[PDB]
Amino acid sequence: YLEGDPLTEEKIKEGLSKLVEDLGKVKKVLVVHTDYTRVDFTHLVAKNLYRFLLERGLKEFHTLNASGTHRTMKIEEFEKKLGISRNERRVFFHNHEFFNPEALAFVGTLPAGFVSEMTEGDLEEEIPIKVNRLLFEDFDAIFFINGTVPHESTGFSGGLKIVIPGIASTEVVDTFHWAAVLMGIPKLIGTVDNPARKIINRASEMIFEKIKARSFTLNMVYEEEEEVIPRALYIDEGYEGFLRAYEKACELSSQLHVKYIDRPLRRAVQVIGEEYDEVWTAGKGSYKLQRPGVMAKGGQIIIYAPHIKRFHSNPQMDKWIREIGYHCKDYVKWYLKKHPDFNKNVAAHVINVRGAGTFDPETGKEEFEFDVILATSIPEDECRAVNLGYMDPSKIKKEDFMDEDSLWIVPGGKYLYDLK
C-alpha cells in the first residue's frame, strides 16, 4: 500500500522486494496485466517484480493479457507494456482468447434469481462463469497488476475488473454490461458500488475458490497529464485483498480523476490518443461527459481521432455495431424485443455512446440530449449509417475551441467531468 506524488520507482521496488521476500516458493509465476489500451505504469511494476523473482530462483514467468473483448497484442506490445524483453527465456507472453471455449475453464454459475435482480428480470437464467484456464494451472503465485479509474460500466476500473471482463468470456460479461446500462452511465460512472460490481464480485468468489496459487492484487492509481504520474500502488492478497485495494483505490481516484466545470458545455472535443484503437474504446470520450448538466441540451461531443477506422476489431462485433447503430436506451430495448438474440454487450455499448434520448414507440422517432460526432478516418457516410455525426479530422483545431462554452480536452476520455 504505497503512495507518493509522484510515487517513485524506488518506493515501488521497496514494496515489491518486500512482497517477493514474503513469497516462499517460486518456480512458476503468472502475471495478469492490462493491455495496450491502458496507459499506466505497469512497466515499472512488471519489470521489477520479474527482476526480484529471478534473484529468488524463478523458473517460469508467464504473462496473460487481460484483453476483455479487445484485439490480441503483438509480442512487441507485451515488451512495451511489461518492460521485459521477449528474448528472456523463462518468459512467456500469452494473449487471452475471450471467444474461444477451449481456452476457458468453467467455474460455476450465477443463480437466476440474482441475475434477474441485477437486470430487472431482463435475463432470468443461470449465467455460467468461464475464465482463462491459465488461472488454474500449477502456479505458485499469480500477480494481477490492475489500475483504477472512473469507468462507464463498472463505476471504477481495477480490482476484480481485471478478472471480469479481463480474462473472462461472453455470458458473464454481457450480463454485467447490460445490468450496468439499465442503471446507466449518468448514475453509475464513478460510484464504488453498483450492479456490475456486484455481479463481478459474486462471480469472482467462485473463481478465487478454485485458484490454488497465492493471488496478489497490485492496484495502481495514477494521473495522466502529458505523461503518466504514478500516485499509488495498493498491494494485497486473495479475494478479500482485491476488495480492500479496490476500495482504497476508488477513494484516491475519486479525488484525482474528476474535473469540475461551472457551466454546461455546448462543444467538447475529446482529443483521443493512439491507445484507443477503435470506437469501442474511443467512446470513452462520450461517457466521461455524461453526468447530468455537463453537456448543454443540443451540445456536441466530438471524438477527435484521425487514426481510427473501425468500431470494433472483432469482425462479428463490428458487423453487429453497424447493424443496430447508435441509439437511446428505449430504442434499443425495443430493438431487442424484435431481435432477442442480439448481443447485449454491443447493445449496451451503443446506448453508452449515444447517451440520453427519447423514443416515441408509436412513431419510432428519436430525440437526443446531445450530438456525438466522429472526427476520424471513418467516412462521413459510414458514420451517418450508424446514426452518428461527422467532422473532417483535418479541419479540427484547438484554436477554434477556446470560446466560453467549448472545451478542448487533452488527454481525451480519461477524466470524469462534473458540474462544480
Side-chain angles (χ1 to χ4, degrees), residues 2 6-23 25-68 70-98 100 103 132-135 137-147 158 162-163 166-167 213-222 224 226-230 233 235 273-277 281 307 313:
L2 317 123
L7 169 66
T8 67
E9 206 186 323
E10 219 232 301
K11 277 170 110 320
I12 285 165
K13 280 154 84 165
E14 163 74 89
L16 299 182
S17 207
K18 180 177 181 195
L19 158 79
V20 166
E21 137 240 281
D22 130 283
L23 265 335
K25 170 194 190 182
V26 269
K27 24 193 285 226
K28 259 235 218 177
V29 136
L30 176 62
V31 177
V32 180
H33 56 88
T34 61
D35 64 356
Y36 73 95
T37 254
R38 297 280 192 87
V39 192
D40 56 40
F41 58 99
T42 300
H43 68 114
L44 293 177
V45 184
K47 98 191 188 201
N48 282 303
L49 189 60
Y50 167 73
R51 216 258 207 91
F52 296 146
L53 255 12
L54 269 188
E55 280 157 16
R56 272 182 41 94
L58 174 71
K59 297 297 138 214
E60 238 147 291
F61 188 87
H62 291 257
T63 98
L64 216 206
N65 181 61
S67 75
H70 304 170
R71 61 166 181 84
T72 51
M73 263 158 76
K74 302 260 160 282
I75 283 159
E76 139 262 334
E77 299 179 295
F78 283 94
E79 297 184 87
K80 171 154 71 173
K81 173 56 113 247
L82 298 176
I84 307 182
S85 164
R86 36 144 71 82
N87 288 309
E88 323 258 2
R89 237 289 167 138
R90 314 210 176 285
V91 180
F92 304 93
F93 303 133
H94 306 271
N95 276 283
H96 178 41
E97 306 160 83
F98 189 98
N100 193 341
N132 199 292
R133 50 175 230 109
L134 270 168
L135 287 190
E137 324 223 331
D138 55 357
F139 289 110
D140 294 309
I142 307 187
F143 305 97
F144 299 81
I145 310 173
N146 52 99
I162 189 160
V163 180
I167 57 180
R214 296 183 66 184
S215 287
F216 303 94
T217 175
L218 302 87
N219 197 335
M220 293 173 301
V221 188
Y222 46 89
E224 178 159 6
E226 298 212 349
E227 280 204 290
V228 164
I229 309 116
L233 215 216
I235 307 189
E274 202 241 292
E275 67 266 18
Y276 297 145
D277 232 4
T281 50
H307 50 288
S313 54

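Each residue takes its place number in the sequence, starting with 1. Only this structure's heavy atoms are used, side chains among them; waters, hydrogens and symmetry mates stay out.
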Please name all residues satisfying side-chain hydrogen bond (donor to acceptor under 3.5 Å, both in side chains) with [X], sequence neighbours left out, ordered by chain then number.
| X | value |
| --- | --- |
| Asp138 | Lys28 |
| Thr217 | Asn146 |
| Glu14 | none |

Distance (rounded to the nearest 0.5 Å) between [X] [atom1] and [Y] [atom2]:
| X | Y | atom1 | atom2 | value |
| --- | --- | --- | --- | --- |
| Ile75 | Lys80 | CD1 | NZ | 15.0 Å |
| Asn65 | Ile167 | CG | CD1 | 10.5 Å |
| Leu64 | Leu134 | CG | CG | 5.0 Å |
| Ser17 | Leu49 | OG | CG | 10.5 Å |
| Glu76 | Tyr36 | CD | OH | 12.0 Å |

Suppose we screen for side chain to side chain contact (heavy atoms under 4.5 Å, CB included). Which residues come up paired with [X], at least two apart in sequence or across chains?
| X | result |
| --- | --- |
| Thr37 | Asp35, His70, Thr281 |
| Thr72 | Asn95 |
| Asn100 | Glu97, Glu102, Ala103 |

Looking only at heavy atoms, which two atoms of [X] and [Y] are closest? And how far apart?
| X | Y | answer |
| --- | --- | --- |
| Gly273 | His307 | O-NE2, 3.3 Å |
| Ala213 | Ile142 | CB-CG1, 3.7 Å |
| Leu53 | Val20 | CD1-CG2, 3.6 Å |
| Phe41 | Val221 | CE2-O, 3.6 Å |
| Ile229 | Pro6 | CG2-CB, 3.7 Å |
| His96 | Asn132 | ND1-ND2, 3.0 Å |

- Query: Who are the salt bridge (charged side-chain N to carboxylate O under 4.0 Å, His left out) partners of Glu60, not counting sequence neighbours?
  - Reply: none

- Task: Quick one: list whatever passes salt bridge (charged side-chain N to carboxylate O under 4.0 Å, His left out) with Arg38, sequence neighbours left out.
- Result: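 Salt bridge (charged side-chain N to carboxylate O under 4.0 Å, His left out) list for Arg38, sorted by chain: empty.
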
Atom [atom1] of [X]: over 12 foreign heavy atoms under 6.0 Å:
| X | atom1 | result |
| --- | --- | --- |
| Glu274 | CD | no |
| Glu55 | CD | yes |
| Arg51 | CZ | no |
| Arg133 | CZ | no |

- Task: Scan for salt bridge (charged side-chain N to carboxylate O under 4.0 Å, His left out) pairs involving residues 40-49, sequence neighbours excluded, and state none if there are none.
- Result: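 For residues 40-49: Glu9-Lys47.
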
- Query: Which residue pairs pass the salt bridge (charged side-chain N to carboxylate O under 4.0 Å, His left out) test with at least one member in residues 81-94, sequence neighbours excluded?
  - Reply: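 As it turns out, the salt bridge (charged side-chain N to carboxylate O under 4.0 Å, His left out) pairs with a partner in residues 81-94, which skip direct neighbours, are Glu79-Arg86.
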
Do the side chains of [Y] and [X] get nearer than 4.5 Å, heavy atoms only?
| X | Y | answer |
| --- | --- | --- |
| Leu16 | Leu218 | yes |
| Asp140 | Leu23 | no |
| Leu82 | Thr42 | yes |

- Scan residues 47-68 for pairs that pass ring pair (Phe, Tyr, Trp, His ring centres under 6.0 Å), counting only residues two or more places apart or in two chains.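 Every pair satisfying ring pair (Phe, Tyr, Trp, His ring centres under 6.0 Å) with a residue in residues 47-68: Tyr50-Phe61, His62-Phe92, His62-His94, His62-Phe139.
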
- Is there a donor-acceptor pair closer than 3.5 Å between any side-chain N or O of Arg71 and the backbone N or O of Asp277? no

- Test ring-ring contact (aromatic ring centres under 6.0 Å, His included) applied to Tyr222 - qualifying residues, sequence neighbours left out: none

- How far apart are the C-alpha atoms of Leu44 and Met220, what are their side-chain angles, what is the distance that settles it, and do they pass the side-chain contact (heavy atoms from CB on, under 4.5 Å) test? CA-CA 11 Å; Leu44 293 177; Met220 293 173 301; over 6 Å; no

- Task: Sort out for me which residue in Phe143, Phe144, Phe78 forms a ring-ring contact (aromatic ring centres under 6.0 Å, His included) with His33.
- Result: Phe78

